[PDB]
Amino acid sequence: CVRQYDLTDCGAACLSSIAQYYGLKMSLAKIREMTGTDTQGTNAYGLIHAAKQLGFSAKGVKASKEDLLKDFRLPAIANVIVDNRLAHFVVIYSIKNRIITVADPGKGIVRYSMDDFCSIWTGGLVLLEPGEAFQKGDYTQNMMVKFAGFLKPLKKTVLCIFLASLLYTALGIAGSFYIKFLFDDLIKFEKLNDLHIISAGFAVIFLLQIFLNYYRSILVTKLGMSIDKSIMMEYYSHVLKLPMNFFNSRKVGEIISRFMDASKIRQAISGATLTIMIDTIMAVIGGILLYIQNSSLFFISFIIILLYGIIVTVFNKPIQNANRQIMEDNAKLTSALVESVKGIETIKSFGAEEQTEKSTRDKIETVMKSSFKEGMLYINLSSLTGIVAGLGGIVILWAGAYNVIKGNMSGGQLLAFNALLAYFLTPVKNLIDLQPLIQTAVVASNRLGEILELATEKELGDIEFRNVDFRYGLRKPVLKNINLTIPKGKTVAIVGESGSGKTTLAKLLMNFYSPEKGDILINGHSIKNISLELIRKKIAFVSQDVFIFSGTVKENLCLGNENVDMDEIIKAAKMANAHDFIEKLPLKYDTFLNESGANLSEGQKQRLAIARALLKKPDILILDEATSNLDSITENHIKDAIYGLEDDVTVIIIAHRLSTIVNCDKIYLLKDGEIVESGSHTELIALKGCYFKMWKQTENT
Amino acid sequence: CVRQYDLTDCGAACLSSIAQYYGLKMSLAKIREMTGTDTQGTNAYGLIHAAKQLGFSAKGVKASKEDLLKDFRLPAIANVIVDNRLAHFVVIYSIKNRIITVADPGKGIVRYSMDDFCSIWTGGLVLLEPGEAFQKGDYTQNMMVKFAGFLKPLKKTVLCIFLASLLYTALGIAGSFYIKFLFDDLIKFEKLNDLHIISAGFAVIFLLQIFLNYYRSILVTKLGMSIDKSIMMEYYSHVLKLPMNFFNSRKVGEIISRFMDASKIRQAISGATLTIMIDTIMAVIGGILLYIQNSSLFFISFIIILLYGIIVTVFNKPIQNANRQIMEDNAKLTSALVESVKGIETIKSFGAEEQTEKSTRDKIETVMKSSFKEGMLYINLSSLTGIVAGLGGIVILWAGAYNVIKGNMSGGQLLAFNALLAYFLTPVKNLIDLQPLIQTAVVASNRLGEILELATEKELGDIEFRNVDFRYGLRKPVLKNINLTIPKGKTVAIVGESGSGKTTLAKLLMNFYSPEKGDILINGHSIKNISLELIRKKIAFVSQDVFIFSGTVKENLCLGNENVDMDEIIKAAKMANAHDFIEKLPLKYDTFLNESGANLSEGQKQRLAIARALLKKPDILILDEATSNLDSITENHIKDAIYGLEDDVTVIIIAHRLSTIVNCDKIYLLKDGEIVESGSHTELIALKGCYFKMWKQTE
């Protein structure tokens, strides 16, 4: 506690745990956002700034080996560098004798001692202390309440399953009494006719039992996968309505894996909550009946169920651990496989094929070791429970024999008991095996729950920028003070040596992010008041990195705007200068194009992106260094597109090619995250302020 | 119809099926390389060339609507375009009456009518016929023999498992007669002391059973995972030594998925041979004892095992099918998901979030349909087999009772039989349930086997190119003709509007590919004859697409050459102009970059690729348009690199930036895959032939 779902968040998990021991239990996703959880990890500055943001007084200090401080403020946050992964930070709770017990956020509390610890620490420490508010953390709501809310509309069907279970088990007991009449009456008194009839009857009973189980199993399957679909859909829909910052924060694998996992686990939990109410009553009925058949034998059976429960409960936690380890290691194996294959060419050119080979041998070896651990745990479980069960059976038959020859019961009654055990111990075996699933279900429930909690958006002409500052993440601002003014229907230019900030400005205008301090205005009104759905359609962005989703081109070009006339589309297609590469397709306009396939070129692709921006009919068109993708055809199509534009709408050009930008109307300069001076090539070069230096260094040879 | 392992091969599977049904059984991998199976797919012209290569005299001709020619040459291969994917090709074997029997390459043979056929068919036909040679195909040997070869060092272990199993089951029968002695003597004749002692004893027997099964299960587990490791490792090793054409041919997901999955599936078969050799004998012993116990009851039991076998065997083929469907659908779902996520920004700007939302929802829905189908199959199976088993038990007990009151056996003996059943029926249940596993194991054996079959390599100064043509695949050739001459110890230049061909020449120069026609010459010897290892070490390429494998920088920089002095690495770092940002790192040189993380910049990355190219000490150095990728760091690093070259070794510059490349000594021009004129910037621009027009476009 508190365990970490992924690797991108760990310091967030450390601070989560420390806050949890200081009285603050808050959603770990929001802690990702407070720490500014990057794909790289959570910065130390992120942990300290998050602490300060929560009101906490925290100190981030370099540490000495060995400091071994007598008045050391617990808990402390220590960074670990050489721990298989890089975003690894561990909390220090207890340092007594010569053993530093480190509480690792990967669901662990180890005793590496200072010998191993000082061998594997960055030495970065964060002392954390409480500062007034809030000092309470009941915020994390139970999501399984909402998911049981998903269980609510299906009440008719789950009732049906309940009833079917009841009847099935009744018929089960009835059919289980066959042996008593068999051995005590039919074989001992030799009644052929009654034997035949009875046999037929109990056979029929069994057939009724299976004909019940058929529809019960059908029903529970249907219910289960419906819950699956519903939950998955809610998650996916809510992460689609989600703002950009979280998309930048986490990788694809994260959301995609956790979505599927949490869905299955939650469905398992709700099909299990179905199982609770039925197997409870069946275990009660069966237990009562077992008690009536024989008190002492029911006591024995109870001892068996108890021993089973003990073995399982004592075996649960380590198995989960070895499971997580198998997942992690096998994952690393698969990843190293993919990356080794992706770099097959360069790794061929190096001649170190043997290197990556030995690498994958080691990976396979470690995965094998972890696998052997989990497997060993499982066979231990099976062997112990098998012992308990088997010896349990022998004992029950033995004591049964005792009670038979003592004169307390008949052999047939014993055998009937040997048949009713299956109706007492099976329900309780399920009911006790239920606990591991519930834990994993809580884990998953939180996993999808925190993202289900996150806020959407909303809530939470001439173009001018006024005192607008911006930083992508909890770090040094990419854009400091920014003052700008752009004329409507005129081609302007944004130039900086930092394409990150240069493109950042354009991204900010599309309102995927908000200015930290101050506001940005278009045509006399601030972006904050403008509708996002209009900003999306009315502004078009031409990416340096073009993306193409699998499908027909005829569809892919017209995403967003449906039922668009072909007369409008074909002019844009012709204007993108890709039209030649459009008509060349096998299936004309509707050729299947899947994941940049089958034969998609970068140039034609960027041209197609331009075609999309055209088909979107933009009032404002922002262009990144798209021209750089395929130079010559880009020159032709850029001339063609600039001609088509007719300067009817505002067009912004972000580029590094000074020779290309000089022809433009006006130019802006980005230096060290601050705008310097606005103007044209002539006046700026004559300014001798810095642009003349830029041209001197460009012509520097 | 022959099922297809992957998606890149389908027409290859078609020709595989027709040739195999005609007497030509060849490795489908070799049929992929003959069809020139691209990542895109196998071309129709590829199918024709594969026909010619296999010896077939075939004509691939466009077809009309309901020609219904009486003398239509069977079999023929017709392609269907709609409605799920573009890579769909189908074999036609029988077209009679109003039922168009399509031999579907997805392990199917349907008789889909002309309504649906003409609703989704291209009408593209390839008439295939045997033409003279050869025809023979004995190449397809059973791979599971070679894979059975891996069991050899483990013979001791398998013997141990065998013995342990035998004793365990013997003890099992012994312990199974407990009920007999219980009811016939102890309960009927009322002996307490004997009861306690006997019970204790049989308990001990059970415990001995557990302490045997323990080590047995451990052993079989160890065996399994060792075979896994061995197979996986051999595959990976041989696919590392594998030529490039297949890497271009197949996707990463393909080779990797088939690697782990087919490996484990194949491993299952060697545990299956264990199950065969042990459960055969145990089912024999138990069956004999059961037969001696009671003839008629054993006959009943045999009927039960028979019914089980019938149900399972008749249920086998469709379950595998529904499995394939789940696989395909779930795959398409995951793909649409990932693709939906990667384009979150553009899909935000477009505003059609609801579009892809409804899309992925429909995908999830069809996946639900298939999944529910397989689930339905499974519950049908479970219910029927459960019927056979249950009714079997009730019947055995009633007829057993019948034989008890008839005077043929005792009740305790009946129960002994009812307890001994588990040692006749369990071994045979496993032995018959084994068959589905074996099929999938053979399939997988072929999946990894075909790639295990492909050959490695080998087999299969001044630099000049003479009449050398090259085409990557069975399509429009990238090089129709290339004539070039490069000066030793001089910085030359490669310019073309097509970066594909520009990089093609250099890649071909690295001898990763062989020239189709003509040869490539280096320093007086053809590249084909030069040792590919020396070509590997002596040539360094700075890629437009730089690759960095996860690990420490100190190692990642020095891949290939082991035991390289740190002075050379730090000098290469200094020369790469990245050294300053290298020492800025927290852990100096040994910082973990996994995977190319955490915060690596593009400029620094290309700089590192350049540093690696520096560390190889090239006699011939090939450079792609690294400058065009990242402007500013390219401006800084270009002066440093021009300073660095020192003209000691031959250096080749591939670039499109005309303004930048002219400073070099000589320049070459690539137009439409053909070389125009070799010379310098001055002579070419003054030539006014075409390079001057190019300069007019440069302005």
# chains A, B, ... in the order shown; residues from 1 in each chain; ligands from 1
call {"tool": "interface_residues", "arguments": {"of": "chain A", "to": "chain B", "cutoff": "6 Å", "atoms": "only C-alpha atoms", "output": "compact mmCIF listing (two decimals) with N, CA and C atoms, in the first residue's frame"}}
result
# COMPACT_ATOMS: atom_id res chain seq x y z
N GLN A 40 7.62 9.73 -18.84
CA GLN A 40 8.93 9.43 -18.26
C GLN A 40 8.78 8.95 -16.83
N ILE A 187 -31.32 -53.67 -3.12
CA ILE A 187 -30.39 -54.80 -3.23
C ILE A 187 -30.55 -55.79 -2.08
N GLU A 190 -34.17 -57.28 -2.59
CA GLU A 190 -34.28 -57.90 -3.91
C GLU A 190 -35.62 -57.62 -4.58
N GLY A 343 14.32 -2.98 -34.86
CA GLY A 343 15.68 -2.57 -35.16
C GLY A 343 16.50 -3.71 -35.73
N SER A 349 23.38 -4.48 -39.17
CA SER A 349 24.49 -3.66 -39.65
C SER A 349 25.62 -3.61 -38.63
N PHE A 350 25.26 -3.66 -37.36
CA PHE A 350 26.25 -3.62 -36.29
C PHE A 350 27.03 -4.92 -36.22
N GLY A 351 26.33 -6.03 -36.43
CA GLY A 351 26.95 -7.35 -36.36
C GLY A 351 26.76 -7.94 -34.98
N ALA A 352 26.10 -7.19 -34.11
CA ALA A 352 25.82 -7.65 -32.76
C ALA A 352 24.47 -8.34 -32.70
N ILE A 405 -21.53 -49.57 12.34
CA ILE A 405 -21.48 -50.79 13.15
C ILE A 405 -21.79 -50.52 14.62
N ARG A 536 -12.88 23.45 -33.12
CA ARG A 536 -12.39 22.24 -33.77
C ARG A 536 -12.60 22.28 -35.29
N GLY A 560 -15.71 13.90 -39.71
CA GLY A 560 -16.22 15.13 -39.14
C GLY A 560 -17.48 15.57 -39.84
N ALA A 598 -2.13 -0.02 -48.30
CA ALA A 598 -1.12 -1.06 -48.44
C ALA A 598 0.18 -0.45 -48.93
call {"tool": "residues_around", "arguments": {"residues": "residue 438 in chain A", "least_positions_apart": "3", "cutoff": "9 Å", "atoms": "only C-alpha atoms", "output": "list in words"}}
result
residues 265, 268, 269, 272, 434, 435, 441, 442 and 443 of chain A
call {"tool": "write_last_selection", "arguments": {"atoms": "N, CA, C and O atoms", "output": "PDB file, in the first residue's frame"}}
result
ATOM      1  N   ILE A 265     -12.824  -7.999 -14.996  1.00  0.00           N
ATOM      2  CA  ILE A 265     -12.823  -8.189 -13.550  1.00  0.00           C
ATOM      3  C   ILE A 265     -14.128  -7.731 -12.889  1.00  0.00           C
ATOM      4  O   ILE A 265     -14.645  -8.402 -11.992  1.00  0.00           O
ATOM      5  N   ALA A 268     -16.816 -10.210 -13.671  1.00  0.00           N
ATOM      6  CA  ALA A 268     -16.572 -11.393 -12.857  1.00  0.00           C
ATOM      7  C   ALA A 268     -17.103 -11.163 -11.452  1.00  0.00           C
ATOM      8  O   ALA A 268     -17.695 -12.054 -10.845  1.00  0.00           O
ATOM      9  N   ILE A 269     -16.905  -9.944 -10.957  1.00  0.00           N
ATOM     10  CA  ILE A 269     -17.366  -9.560  -9.628  1.00  0.00           C
ATOM     11  C   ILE A 269     -18.889  -9.535  -9.520  1.00  0.00           C
ATOM     12  O   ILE A 269     -19.444  -9.844  -8.465  1.00  0.00           O
ATOM     13  N   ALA A 272     -20.227 -12.981  -9.787  1.00  0.00           N
ATOM     14  CA  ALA A 272     -19.921 -13.546  -8.483  1.00  0.00           C
ATOM     15  C   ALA A 272     -20.886 -13.075  -7.393  1.00  0.00           C
ATOM     16  O   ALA A 272     -21.256 -13.864  -6.524  1.00  0.00           O
ATOM     17  N   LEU A 434     -14.131 -17.223  -3.337  1.00  0.00           N
ATOM     18  CA  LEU A 434     -14.642 -15.948  -3.821  1.00  0.00           C
ATOM     19  C   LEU A 434     -13.740 -14.770  -3.472  1.00  0.00           C
ATOM     20  O   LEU A 434     -13.650 -13.805  -4.229  1.00  0.00           O
ATOM     21  N   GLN A 435     -13.079 -14.855  -2.322  1.00  0.00           N
ATOM     22  CA  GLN A 435     -12.292 -13.741  -1.788  1.00  0.00           C
ATOM     23  C   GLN A 435     -11.143 -13.233  -2.691  1.00  0.00           C
ATOM     24  O   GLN A 435     -10.977 -12.019  -2.827  1.00  0.00           O
ATOM     25  N   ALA A 441     -10.892  -7.571  -8.118  1.00  0.00           N
ATOM     26  CA  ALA A 441     -12.038  -6.807  -8.587  1.00  0.00           C
ATOM     27  C   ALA A 441     -12.008  -5.384  -8.044  1.00  0.00           C
ATOM     28  O   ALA A 441     -12.390  -4.450  -8.739  1.00  0.00           O
ATOM     29  N   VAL A 442     -11.554  -5.223  -6.807  1.00  0.00           N
ATOM     30  CA  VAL A 442     -11.383  -3.894  -6.229  1.00  0.00           C
ATOM     31  C   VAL A 442     -10.281  -3.150  -6.970  1.00  0.00           C
ATOM     32  O   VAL A 442     -10.436  -1.973  -7.323  1.00  0.00           O
ATOM     33  N   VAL A 443      -9.170  -3.846  -7.205  1.00  0.00           N
ATOM     34  CA  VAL A 443      -8.048  -3.268  -7.939  1.00  0.00           C
ATOM     35  C   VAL A 443      -8.495  -2.724  -9.291  1.00  0.00           C
ATOM     36  O   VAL A 443      -8.271  -1.554  -9.612  1.00  0.00           O
TER      37      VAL A 443
END
call {"tool": "closest_residue", "arguments": {"among": "B:667, B:129, B:78, B:450", "to": "residue 117 in chain B", "atoms": "only C-alpha atoms"}}
result
B:78
call {"tool": "select_by_dssp", "arguments": {"residues": "range 420-598 of chain A", "states": "strand (DSSP E or B)", "output": "list in words"}}
result
residues 463, 464, 465, 466, 470, 479, 484, 485, 486, 491, 492, 493, 494, 495, 496, 519, 520, 521, 522, 525, 526, 539, 540, 541, 542, 551, 552, 592 and 593 of chain A
call {"tool": "select_by_dssp", "arguments": {"residues": "range 464-675 of chain B", "states": "helix (DSSP H, G or I)", "output": "compact mmCIF listing (two decimals) with N, CA and C atoms, in the first residue's frame"}}
result
# COMPACT_ATOMS: atom_id res chain seq x y z
N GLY B 499 13.47 9.90 -52.47
CA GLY B 499 14.31 9.44 -51.38
C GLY B 499 14.31 7.94 -51.22
N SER B 500 13.26 7.30 -51.73
CA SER B 500 13.14 5.85 -51.70
C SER B 500 14.28 5.19 -52.47
N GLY B 501 14.50 5.66 -53.70
CA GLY B 501 15.57 5.15 -54.54
C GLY B 501 16.93 5.60 -54.05
N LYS B 502 17.00 6.84 -53.57
CA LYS B 502 18.24 7.39 -53.02
C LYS B 502 18.76 6.52 -51.88
N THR B 503 17.85 6.09 -51.01
CA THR B 503 18.21 5.20 -49.92
C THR B 503 18.38 3.77 -50.44
N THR B 504 17.67 3.44 -51.51
CA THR B 504 17.76 2.13 -52.14
C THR B 504 19.16 1.81 -52.63
N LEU B 505 19.79 2.78 -53.28
CA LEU B 505 21.14 2.58 -53.79
C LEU B 505 22.11 2.27 -52.66
N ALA B 506 22.05 3.06 -51.59
CA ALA B 506 22.92 2.86 -50.44
C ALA B 506 22.67 1.53 -49.74
N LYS B 507 21.40 1.18 -49.57
CA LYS B 507 21.02 -0.08 -48.94
C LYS B 507 21.52 -1.27 -49.76
N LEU B 508 21.42 -1.15 -51.08
CA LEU B 508 21.90 -2.17 -52.00
C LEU B 508 23.42 -2.25 -51.91
N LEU B 509 24.04 -1.10 -51.69
CA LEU B 509 25.49 -0.99 -51.56
C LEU B 509 25.98 -1.70 -50.30
N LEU B 532 30.50 -10.70 -46.56
CA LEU B 532 29.39 -9.89 -46.08
C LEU B 532 29.66 -9.37 -44.67
N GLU B 533 30.54 -10.05 -43.94
CA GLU B 533 30.95 -9.59 -42.62
C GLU B 533 31.80 -8.32 -42.72
N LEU B 534 32.75 -8.33 -43.65
CA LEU B 534 33.60 -7.17 -43.87
C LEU B 534 32.76 -6.00 -44.37
N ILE B 535 31.80 -6.30 -45.24
CA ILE B 535 30.87 -5.29 -45.73
C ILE B 535 30.08 -4.72 -44.56
N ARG B 536 29.72 -5.59 -43.63
CA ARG B 536 28.98 -5.19 -42.44
C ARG B 536 29.78 -4.23 -41.56
N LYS B 537 31.02 -4.60 -41.25
CA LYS B 537 31.85 -3.83 -40.34
C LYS B 537 32.36 -2.53 -40.96
N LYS B 538 32.75 -2.60 -42.22
CA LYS B 538 33.39 -1.47 -42.90
C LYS B 538 32.41 -0.39 -43.32
N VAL B 553 23.52 3.78 -22.37
CA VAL B 553 24.09 4.49 -23.51
C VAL B 553 25.51 4.01 -23.80
N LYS B 554 26.29 3.77 -22.75
CA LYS B 554 27.67 3.30 -22.89
C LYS B 554 27.76 2.02 -23.71
N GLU B 555 26.73 1.17 -23.61
CA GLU B 555 26.66 -0.05 -24.40
C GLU B 555 26.00 0.18 -25.76
N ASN B 556 24.87 0.88 -25.74
CA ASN B 556 24.07 1.11 -26.94
C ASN B 556 24.87 1.83 -28.02
N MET B 566 37.18 3.38 -24.17
CA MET B 566 36.32 4.49 -23.81
C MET B 566 36.79 5.82 -24.39
N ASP B 567 38.08 5.92 -24.69
CA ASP B 567 38.63 7.14 -25.29
C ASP B 567 38.05 7.35 -26.68
N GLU B 568 37.82 6.25 -27.39
CA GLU B 568 37.27 6.31 -28.73
C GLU B 568 35.80 6.66 -28.66
N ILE B 569 35.12 6.16 -27.63
CA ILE B 569 33.69 6.41 -27.48
C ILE B 569 33.48 7.87 -27.08
N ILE B 570 34.34 8.38 -26.21
CA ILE B 570 34.21 9.75 -25.75
C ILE B 570 34.66 10.72 -26.85
N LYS B 571 35.58 10.28 -27.70
CA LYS B 571 36.01 11.10 -28.83
C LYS B 571 34.92 11.14 -29.90
N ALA B 572 34.24 10.01 -30.09
CA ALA B 572 33.13 9.93 -31.04
C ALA B 572 31.98 10.78 -30.53
N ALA B 573 31.79 10.76 -29.21
CA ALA B 573 30.77 11.57 -28.57
C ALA B 573 31.08 13.05 -28.74
N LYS B 574 32.35 13.41 -28.56
CA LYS B 574 32.79 14.79 -28.75
C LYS B 574 32.61 15.24 -30.20
N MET B 575 32.84 14.32 -31.13
CA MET B 575 32.77 14.64 -32.55
C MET B 575 31.32 14.69 -33.02
N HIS B 579 28.20 15.17 -27.05
CA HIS B 579 28.93 14.90 -25.81
C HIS B 579 28.54 15.77 -24.61
N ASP B 580 28.31 17.05 -24.87
CA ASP B 580 27.93 17.99 -23.82
C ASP B 580 26.61 17.61 -23.16
N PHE B 581 25.64 17.19 -23.97
CA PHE B 581 24.36 16.72 -23.45
C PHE B 581 24.45 15.26 -22.98
N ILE B 582 25.60 14.63 -23.22
CA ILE B 582 25.84 13.27 -22.73
C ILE B 582 26.37 13.30 -21.29
N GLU B 583 27.28 14.24 -21.02
CA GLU B 583 27.83 14.37 -19.67
C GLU B 583 26.81 15.03 -18.74
N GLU B 602 14.99 14.23 -30.47
CA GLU B 602 15.27 13.74 -31.82
C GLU B 602 16.68 14.10 -32.28
N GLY B 603 17.07 15.35 -32.05
CA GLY B 603 18.38 15.83 -32.44
C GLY B 603 19.47 15.02 -31.79
N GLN B 604 19.35 14.83 -30.48
CA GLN B 604 20.30 14.03 -29.72
C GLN B 604 20.34 12.59 -30.24
N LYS B 605 19.19 12.09 -30.69
CA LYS B 605 19.09 10.73 -31.20
C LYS B 605 19.89 10.56 -32.50
N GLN B 606 19.65 11.46 -33.45
CA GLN B 606 20.38 11.43 -34.72
C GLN B 606 21.87 11.64 -34.47
N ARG B 607 22.19 12.51 -33.51
CA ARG B 607 23.57 12.73 -33.09
C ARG B 607 24.20 11.44 -32.59
N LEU B 608 23.41 10.63 -31.88
CA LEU B 608 23.91 9.37 -31.35
C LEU B 608 24.11 8.34 -32.46
N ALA B 609 23.21 8.34 -33.43
CA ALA B 609 23.36 7.47 -34.60
C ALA B 609 24.65 7.81 -35.33
N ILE B 610 24.89 9.11 -35.48
CA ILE B 610 26.13 9.60 -36.07
C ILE B 610 27.35 9.17 -35.25
N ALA B 611 27.22 9.20 -33.93
CA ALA B 611 28.31 8.78 -33.05
C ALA B 611 28.62 7.29 -33.20
N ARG B 612 27.57 6.49 -33.37
CA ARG B 612 27.72 5.07 -33.61
C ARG B 612 28.41 4.82 -34.94
N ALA B 613 27.95 5.51 -35.98
CA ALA B 613 28.56 5.42 -37.30
C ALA B 613 30.04 5.80 -37.23
N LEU B 614 30.35 6.75 -36.35
CA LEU B 614 31.73 7.17 -36.11
C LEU B 614 32.55 6.06 -35.47
N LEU B 615 31.98 5.38 -34.48
CA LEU B 615 32.70 4.36 -33.72
C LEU B 615 33.06 3.09 -34.52
N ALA B 626 20.13 12.91 -42.97
CA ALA B 626 19.96 13.11 -41.54
C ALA B 626 19.70 14.58 -41.24
N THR B 627 20.31 15.46 -42.02
CA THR B 627 20.14 16.90 -41.83
C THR B 627 18.70 17.37 -42.05
N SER B 628 18.01 16.77 -43.01
CA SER B 628 16.65 17.18 -43.37
C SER B 628 15.61 16.87 -42.30
N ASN B 629 15.94 15.94 -41.41
CA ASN B 629 15.03 15.51 -40.36
C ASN B 629 14.81 16.56 -39.26
N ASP B 631 16.21 20.37 -38.23
CA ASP B 631 16.89 21.55 -38.77
C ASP B 631 18.06 22.14 -37.97
N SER B 632 17.79 22.57 -36.74
CA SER B 632 18.76 23.35 -35.97
C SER B 632 19.99 22.54 -35.56
N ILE B 633 19.76 21.37 -34.97
CA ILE B 633 20.85 20.50 -34.57
C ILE B 633 21.64 20.06 -35.80
N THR B 634 20.97 20.01 -36.95
CA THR B 634 21.65 19.72 -38.21
C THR B 634 22.57 20.86 -38.62
N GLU B 635 22.12 22.10 -38.39
CA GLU B 635 22.94 23.26 -38.70
C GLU B 635 24.19 23.29 -37.82
N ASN B 636 24.00 23.05 -36.52
CA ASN B 636 25.13 22.99 -35.59
C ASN B 636 26.10 21.85 -35.92
N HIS B 637 25.55 20.66 -36.12
CA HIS B 637 26.33 19.44 -36.33
C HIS B 637 26.97 19.32 -37.71
N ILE B 638 26.47 20.06 -38.70
CA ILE B 638 27.02 19.95 -40.06
C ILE B 638 28.44 20.50 -40.18
N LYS B 639 28.69 21.65 -39.55
CA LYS B 639 30.04 22.21 -39.51
C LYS B 639 30.98 21.25 -38.79
N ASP B 640 30.50 20.72 -37.67
CA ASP B 640 31.29 19.81 -36.85
C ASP B 640 31.63 18.53 -37.60
N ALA B 641 30.69 18.05 -38.41
CA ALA B 641 30.87 16.81 -39.17
C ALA B 641 31.77 17.02 -40.39
N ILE B 642 31.62 18.15 -41.06
CA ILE B 642 32.48 18.49 -42.18
C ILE B 642 33.91 18.65 -41.70
N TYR B 643 34.06 19.22 -40.51
CA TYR B 643 35.35 19.33 -39.84
C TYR B 643 35.89 17.95 -39.49
N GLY B 644 34.99 17.10 -38.99
CA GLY B 644 35.31 15.76 -38.54
C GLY B 644 35.75 14.76 -39.58
N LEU B 645 35.20 14.86 -40.79
CA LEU B 645 35.46 13.88 -41.84
C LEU B 645 36.95 13.66 -42.13
N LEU B 658 19.17 20.68 -52.16
CA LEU B 658 20.09 21.05 -53.23
C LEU B 658 21.07 22.14 -52.82
N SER B 659 20.60 23.10 -52.04
CA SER B 659 21.45 24.19 -51.57
C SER B 659 22.58 23.71 -50.67
N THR B 660 22.34 22.62 -49.94
CA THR B 660 23.31 22.09 -48.97
C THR B 660 24.39 21.15 -49.51
N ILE B 661 24.04 20.36 -50.52
CA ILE B 661 24.91 19.27 -50.99
C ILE B 661 25.97 19.69 -52.02
call {"tool": "atom_distance", "arguments": {"atom1": "CA of residue 175 in chain A", "atom2": "CA of residue 203 in chain A"}}
result
8.0 Å
call {"tool": "atom_distance", "arguments": {"atom1": "CA of residue 451 in chain A", "atom2": "CA of residue 246 in chain A"}}
result
9.5 Å
call {"tool": "residues_around", "arguments": {"residues": "residue 426 in chain B", "least_positions_apart": "5", "cutoff": "9 Å", "atoms": "only C-alpha atoms", "output": "list in words"}}
result
residues 279, 283, 421 and 431 of chain B
call {"tool": "write_last_selection", "arguments": {"atoms": "N, CA, C and O atoms", "output": "JSON list (two decimals), in the first residue's frame"}}
result
[["chain", "number", "residue", "atom", "x", "y", "z"],
["B", 279, "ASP", "N", -0.96, -43.18, -20.04],
["B", 279, "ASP", "CA", -2.39, -43.47, -19.93],
["B", 279, "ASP", "C", -2.81, -44.64, -20.80],
["B", 279, "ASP", "O", -3.84, -45.24, -20.55],
["B", 283, "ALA", "N", -4.75, -47.29, -18.69],
["B", 283, "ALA", "CA", -6.10, -47.60, -19.15],
["B", 283, "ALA", "C", -6.20, -49.09, -19.48],
["B", 283, "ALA", "O", -7.26, -49.69, -19.33],
["B", 421, "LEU", "N", -13.63, -47.29, -11.50],
["B", 421, "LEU", "CA", -13.98, -46.66, -12.77],
["B", 421, "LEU", "C", -13.07, -45.49, -13.12],
["B", 421, "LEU", "O", -12.72, -45.28, -14.29],
["B", 431, "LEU", "N", -6.90, -39.46, -23.21],
["B", 431, "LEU", "CA", -6.32, -39.99, -24.44],
["B", 431, "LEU", "C", -7.16, -39.63, -25.67],
["B", 431, "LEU", "O", -6.63, -39.49, -26.77]]
call {"tool": "residues_around", "arguments": {"residues": "range 456-460 of chain A", "least_positions_apart": "5", "cutoff": "7 Å", "atoms": "only C-alpha atoms", "output": "JSON list (two decimals) with N, CA, C and O atoms, in the first residue's frame"}}
result
[["chain", "number", "residue", "atom", "x", "y", "z"],
["A", 241, "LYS", "N", -14.35, 11.70, -24.42],
["A", 241, "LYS", "CA", -14.76, 13.06, -24.08],
["A", 241, "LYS", "C", -13.70, 13.75, -23.22],
["A", 241, "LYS", "O", -13.89, 14.88, -22.76],
["A", 242, "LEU", "N", -12.59, 13.06, -23.00],
["A", 242, "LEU", "CA", -11.55, 13.50, -22.08],
["A", 242, "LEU", "C", -10.59, 14.49, -22.74],
["A", 242, "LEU", "O", -10.26, 14.35, -23.92],
["A", 243, "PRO", "N", -10.13, 15.50, -21.98],
["A", 243, "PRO", "CA", -9.16, 16.51, -22.43],
["A", 243, "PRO", "C", -7.80, 15.93, -22.83],
["A", 243, "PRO", "O", -7.56, 14.74, -22.64]]
call {"tool": "residues_around", "arguments": {"residues": "residue 208 in chain A", "least_positions_apart": "4", "cutoff": "10 Å", "atoms": "only C-alpha atoms", "output": "PyMOL selection string"}}
result
chain A and resi 167-168+171-172+202-204+212-214
